[PDB]
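K.L.:
Protein chains in written order, with our numbering: chain A, 62 to 280; chain B, 83 to 296. Here a beta-carbon is modelled for each residue, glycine too, at the ideal position from N, C-alpha and C.
1. Straight-line CA distance for residue 174 (chain B) to residue 291 (chain B)?
2. Taking residue 212 (chain A) as the reference, which of A:82, A:175, A:172, A:274 has the closest Cα?
3. Against chain A, with Cβ distances strictly below 8 Å, would residue 181 (chain B) count as a contact?
4. Please list the residues of the segment 204-219 of chain B that have a C-beta atom closer than 7 Å to any C-beta atom in chain A, keeping them in chain order.
5. Going by the CB atoms, is the gap between residue 105 (chain B) and residue 146 (chain B) shorter than 8 Å?
6. Considering residue 265 (chain B), what are the terminal residues of the alpha helix (DSSP H) in which it resides?
7. Show which residues of chain A have a CB atom less than 8 Å away from the CB atom of residue 280 (chain B).
8. Curious, which full-length beta strand (DSSP E) runs of at least 3 residues does the segment 187-239 of chain A contain?
9. What does DSSP give as the partner residues of residue 150 (chain B) in its beta bridges?
10. Hey, quick one: how far does the beta strand (DSSP E) through residue 211 (chain B) stretch, first residue to last?
11. On the DSSP bridge assignment, give the partners of residue 184 (chain B) in chain order.
12. With a CB to CB cut of under 6 Å and the five nearest residues on each side skipped, what residues in its chain are close to residue 62 (chain A)?
13. Quick one, which residues of the segment 218-246 of chain A are near chain B if we go by CB-CB under 9 Å, in chain order?
14. Nearest CA to the CA of residue 203 (chain B): which residue from B:132, B:170, B:276, B:172?
15. Taking the CB atoms as reference points, tell me whether residue 269 (chain A) and residue 218 (chain A) lie closer together than 8 Å.
16. In this structure, how does DSSP classify residue 256 (chain A) when only helix, strand and coil are distinguished?
17. Short of 7 Å Cβ to Cβ, which residues in the segment 254-272 of chain B face chain A?
18. If you draw a straight line from the C-alpha of residue 67 (chain A) to the C-alpha of residue 120 (chain A), how long is it?
19. Quick check on residue 140 (chain A): does DSSP put it in helix, strand or coil?
20. Output needed in chain order: residues of the segment 93-120 of chain A with a Cβ under 9 Å from some Cβ in chain B.
21. Classify residue 38 (chain B) as helix, strand or coil using the three-state DSSP reduction.
22. Please confirm if the segment 251-269 of chain B is in contact with the segment 206-221 of chain B, defined as three or more CB-CB distances below 8 Å between the two stretches.
23. DSSP state of residue 271 (chain B), grouped into three classes?
24. Contact between the segment 195-206 of chain A and the segment 97-105 of chain A: three or more CB pairs below 8 Å?
25. Considering only their Cβ atoms, is the gap separating residue 242 (chain A) from residue 233 (chain A) smaller than 8 Å?
26. CB-CB under 6 Å to residue 91 (chain B), same chain, minus the five flanking residues each way: which ones, in chain order?
27. Pull up the distance between the alpha-carbon of residue 223 (chain A) and that of residue 231 (chain A), whole angstroms please.
28. How would you label residue 117 (chain B), buried or exposed, when you count the other beta carbons within 10 angstroms and need 16 or more for buried?
29. Taking only three categories from DSSP, how would you classify residue 204 (chain B)?
30. Could you check where the beta strand (DSSP E) with residue 99 (chain A) kicks off and where it finishes?
31. Which residues bound the beta strand (DSSP E) around residue 150 (chain A)?
32. State the Cα-Cα distance for the pair residue 190 (chain B) and residue 257 (chain A), rounded to the nearest angstrom.
33. Could you say if the segment 69-87 of chain A and the segment 178-196 of chain A meet the contact criterion of at least three C-beta pairs nearer than 8 Å?
34. Hey, quick one: how far does the beta strand (DSSP E) through residue 113 (chain A) stretch, first residue to last?
35. Residues of the segment 96-110 of chain B with a CB closer than 9 Å to any CB of chain A: list them in chain order, please.
36. Using beta carbons (cut-off 8 Å, strictly below), is residue 84 (chain A) in contact with chain B?
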């Protein structure tokens, strides 16, 4: 009937301290190693460290030693992970998991993580509101577009020729950069013959910063 | 003490069979037992195989594991592929002191034909360069399955500093799209003969190149 229930999602800012929790029910919390695992956006699982709640015996992965702090409060079956000073690069999902995985031949040893917490998404950003900077991307069929660069927060609207032009428009999902800001590109595919006799203008609106830019994209 | 390397992605049709390798970088793969975890989007991970080839209760016999000593690799095999098998799969092993996870392998259960990605690459605009900044824009679209690897090149040399890459996203037509950005100073852009965007999809690479001499 085992359950690892972690604390809620965190919206935090660089330089702030953070302490998230994992609470174990349905088993002897002092009888199992509890592990912490990181997973950054769109990336893989990295082991962070492990603790034996019975006596706070703690060990860290070398790639995390002294970067983070792991502890436990056995009286309430709760394990903790803790940063004294967050970086935006600490933005990730974090799981706790029970080291309950056994192999038959060994009645003492414990080798793998069997039960996992639900996860605690941690978002960290020092970015304040900022309007985008727009740049033109110049050209049987041709391609032209707009670079919408360095803005916060989402969303930002992009249209072409005040909305008149929809066919061949592909506005790409924005990239989230390590600076905390977003960028995206909008691209429209048009017949090359029209290049000389038709004007193409991208219209960018970003409400939070009241930014409104019109970029002509020329050959 | 080691790494576990898996393919970025694999795919097959419903009913067919597929295999994910996991290769140990250093020391024998048979030195320490391997686990395989399934992870669905949103969901937390679930053990599918442990102790090289054992199945946790409730894991269908379609899932199995093996060890290849000659290639120092572990493998997850899934036969009788069903659409719900679509997930990320991580191998996992032990150092005798530290837990090691594989990079992860996106498994796609095919629902439409494979589709090579269209790649469009744009150089810095004259206007952006005027601002003392420089951005290479590589737009990737219409690729299925939705898994790509993007490499940037200055001449021949790889570039990873100043690279921002999104995860793929579903387009309106059910295929996928992604974009990658390379940030340069105008001088870095001016002082190379060319820059290239490299998009690996299902084994083959698609490429586009721009140069500051137009």
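P.N.:
Once the coordinates are examined:
1. 38 Å
2. A:274
3. yes
4. 204, 207, 209, 210, 217, 219
5. no
6. Unbroken run through residue 265 (chain B) is the beta strand (DSSP E), 258-266; no alpha helix (DSSP H).
7. What residue 280 (chain B) touches in chain A: nothing, since even the nearest Cβ is about 17 Å away.
8. 194-198, 202-212, 218-221, 230-232
9. B:155
10. Residue 211 (chain B) -> not in any beta strand (DSSP E); alpha helix (DSSP H) instead, spanning 208-212.
11. B:86
12. 87
13. 231, 233, 234, 235, 236, 237, 238, 239, 244, 245, 246
14. B:276
15. no
16. helix
17. 259, 261, 263
18. 20 Å
19. strand
20. 96, 98, 100, 102, 103, 104, 105, 106, 107, 108, 111, 120
21. As displayed, chain B neither begins before 83 nor continues past 296, which places residue 38 (chain B) out of reach and without an answer.
22. yes
23. helix
24. no
25. no
26. 188, 229
27. 15 Å
28. buried
29. strand
30. 95-100
31. It is not in any beta strand (DSSP E) - residue 150 (chain A) carries neither H nor E in the DSSP assignment.
32. 44 Å
33. yes
34. 107-113
35. none
36. no
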